[PDB]
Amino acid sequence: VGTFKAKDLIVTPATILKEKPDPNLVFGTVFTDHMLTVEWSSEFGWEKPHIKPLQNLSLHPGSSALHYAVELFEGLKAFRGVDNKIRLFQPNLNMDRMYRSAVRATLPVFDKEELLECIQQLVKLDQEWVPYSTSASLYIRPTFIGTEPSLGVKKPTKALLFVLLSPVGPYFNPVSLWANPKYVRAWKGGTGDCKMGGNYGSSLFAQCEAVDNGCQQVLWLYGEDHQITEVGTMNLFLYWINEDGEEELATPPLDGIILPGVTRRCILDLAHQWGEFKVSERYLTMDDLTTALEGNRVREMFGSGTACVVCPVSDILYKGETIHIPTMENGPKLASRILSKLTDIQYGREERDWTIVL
C-alpha cells in the first residue's frame, strides 16, 4: 500500500536523439525519444520511477497482460499554444479515470499527483516533440499492465506502469457508421465504463466488418430497443429537435455501458454554460433517430474523443439501407462551434481552468 513519488525520478537521457517528424502524421505511429516506466511488486511495492530512452519491454512470457488482459490505458494531449506555452488539457480527470480503472482491474493504486508530475517531467524533457503547429499535438499514452509470471487467473503481484509519447495530427471529414445489432460493445455489469484493454480487442472483427462496407466506424447498439451508445470508441452526441419540439443536445447516460469521456464532459459543461438549448443525458434508439429524420428534426450527430475532439457523422448503414444524417447540410454549426471553443482553450487562445502550463 503506497505510491511512487516524482521527487524520486531517476532520469537517464538518450545518447542519440531522433529527428522530429513533419506536423503534416499518422496517429500513434511515431514515438518520442523517452518514456516513463515504474515497476511494482506486492512485496516491495512501487519502485522509483524512471525516465529513460524509448525501448522495448522485457516481459515474462507468462505476464497476465498477455493472457488475461490485465491492463488499462489513458490518452491525453499536450498542446503548444499560440503563446508557445505547452499546455495539458484536463489531465487531472485522466488521472481520476486511470485510478478508477486500476481499481476495477485489481491493479495497484497510486498517487495521481505524483504520476501527473512524472508525466510533466517526461513531456518536459521531450517538449520539443510537442508539434510546432496548431492542428497537431502530442498524444500522451499512460499504460498500466500486469506482469504476473504465473498462469493462474488472479490479482497480479507484479505490474509495470509506463507512459509513451506520440506526436499526432488528425485521425472535418464526416464518417459513415456500420450499425449491426449482432455485436455488443458493453453490457450492464461489465467493464465498458472503464478504459481497460479487454473492452477493445473484441471489437476489431466488427471494425473490419465496418470497413468492408465503406464505413469508417462502428455504431454500437445495445438492448432490445437498439439504443445507440457510442460511435466507435467516441461518445455519441445528437443535436436535434426532440419529441417535445425543443432544440436539444443529447447523449447517452452513464449507466454502465458508456465510457465517461473527458471530451464528453467538457462538451456538456460548455453546452450547459451557454444555456442556448436543452441539454439531456438520455436514451436514444435507432427508432428515435429514424422517426426524427422523417420529420427533419435532426441537425447534427458527432462523436467526441481526445483524438478527434469532434467527429461528424453523415451516414448509418442499418438493416441493409444507408440512412443519411444531415449533419454537414447544417453547418455543422454546433460541431464547429464546439471545436473552436475546445481548440481555443487547448492552444492558449483563451484562458480557462481546463489547461495547465509548465
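Superpose the two forms; the largest set of C-alphas matching within 1.5 Å is the rigid core. Residue numbers run from 1 along the displayed sequence.
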Query raised in the report: Core fit done; bigger CA RMS in 7 other deposited structures of this protein for 192 to 200 or for 162 to 170?
Result: 162 to 170
Query raised in the report: Counting only residues of the deposited sequence, how many between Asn24 and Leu25 have no atoms in the entry (none, 1 to 3, 4 to 9, 10 or more)?
Result: 1 to 3
Query raised in the report: Residues with no coordinates between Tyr171 and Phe172 in the deposited sequence, how many: none, 1 to 3, 4 to 9, or 10 or more?
Result: 4 to 9
Query raised in the report: Which has higher Cα B-factors on average according to the PDB entry: 223 to 231 or 82 to 90?
Result: 82 to 90
**Report entry** Between the two ranges 50 to 58 and 65 to 73, the one averaging a larger CA B factor in the entry
**Finding:** 50 to 58
Query raised in the report: From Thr147, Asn199, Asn213, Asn180, pick the one with the largest CA B-factor in the entry?
Result: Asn213
Query - Selection from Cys208, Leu125, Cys194, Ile140 [criterion: highest C-alpha temperature factor in the record] - result: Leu125
Report summary line: Quick tally, chain-level thirds of C-alpha B-factors: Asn296 sits in the highest
Query raised in the report: Against its chain's modelled residues, does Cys311's Cα B factor rank lowest, middle or highest third?
Result: lowest
Report task. Comparing against every modelled residue in the chain, figure out the third that the C-alpha B-factor of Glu281 lands in (lowest, middle or highest). Result -> middle
Query raised in the report: When the modelled residues of the chain are sorted by Cα temperature factor, does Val262 land in the lowest, middle or highest third?
Result: middle
Requested in this report: Within this chain's modelled residues, let me know which third the CA B factor of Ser176 belongs to: lowest, middle or highest.
Outcome: lowest
